[PDB]
Every structure is written in C-alpha cells, then in structure tokens.
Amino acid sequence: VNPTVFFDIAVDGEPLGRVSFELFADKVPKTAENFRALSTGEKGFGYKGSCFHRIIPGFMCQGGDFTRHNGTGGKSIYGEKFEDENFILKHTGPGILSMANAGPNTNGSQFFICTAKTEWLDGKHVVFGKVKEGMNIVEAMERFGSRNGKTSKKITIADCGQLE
C-alpha cells in the first residue's frame, strides 16, 4: 500500500489544519521515498519548520527549502540532487504533488501542491503524490498568496510525519 504522510500547517504560528498526502510509491518509488523521509525527518533534516515560500492562487503552493529558508535551498535524501525518475504521472488537477526543479535531473526537496490542472508541466516535473485529505486547508493557504507567490502571512509546516 502507498504511504500516507501529513503536514500540520500554521499561519503566523497559529494552527490552520492538516493536509495528508498519498505518495505514489508504486509508480515513483525513489521520488516518493525522498518526500516520505523528509516528512518524517528521519535523516536528521526535512520539512518540519519550513515555510511555503511561493503561493500563487489558482496555480500552486510551493515549499521545501529547509536548508536556506530563502526559496533557493533544499536537498534530497540521496544528496544535493537526484535524477528525474520518470514522467509516468501527469498534472491532472488540484491536489497533485510534484517536484520543483531548475531543469532536468535537479530534484532536491522543493515541491509544489497544484491547485489546478497544470498539463503544461507534464514531462518537465515529476508527479509523485496527491492530497488525500485537507484540500480545504490547501485552499485556505491560497488566500494568502499573490501574483508571483510572495505570501501575506507566514505559512509553515509546523509538524509533519507519516501516518499508520
């Protein structure tokens, strides 16, 4: 069975709600495992305490920079970067989890949660999961976004891990 991870989201330090994700380990195991281990923190580093640094309403929420906290950082559990595993899965609609990148084979820890279908990203970003519960929380996060993504309040992953 595919693993399920969760983020507990906060807005300026106040709890907003929980978002859980199914990770498609059956189809992108290496990419799913990276996100899983970063969500538990079991390698000594990961998503806990990091912020959603770009929120573009109607497009996506982006996070995952726990090394520089400036939108340029992050690292995978395999090293600084890892290869694009496959492009089997497509950006089919709201709730899709996909890897941010700087070009081919540059996956680290940064990711985005789509809030719309974004087919123009297919073949360029590795899709590896989807929101399971808490899409209403993702929509609440969108209300804090802007044209190019700077946020009006600080949106944090106050805690994260893996559910039974």
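Residue positions are given as counts along the sequence shown, with the first one as 1. In this text, rigid core is short for the largest set of C-alphas that superpose within 1.5 Å between two forms.
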Farther-lying stretch by C-alpha RMS in 7 other deposited structures of this protein, rigid core as reference, of 82-90 and 68-76: 68-76
Comparing 37-45 with 111-119, the one whose average Cα B-factor in the PDB entry is higher: 37-45
Third of the chain, ranked by Cα B-factor, where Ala158 sits: highest
Chain-relative CA temperature factor third for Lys30: middle
B-factor third for the C-alpha atom of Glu14 within its chain: highest
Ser98 by Cα B-factor - lowest, middle or highest third of the modelled chain: lowest
CA B-factor placement of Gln62, once the chain's modelled residues are sorted into thirds: lowest
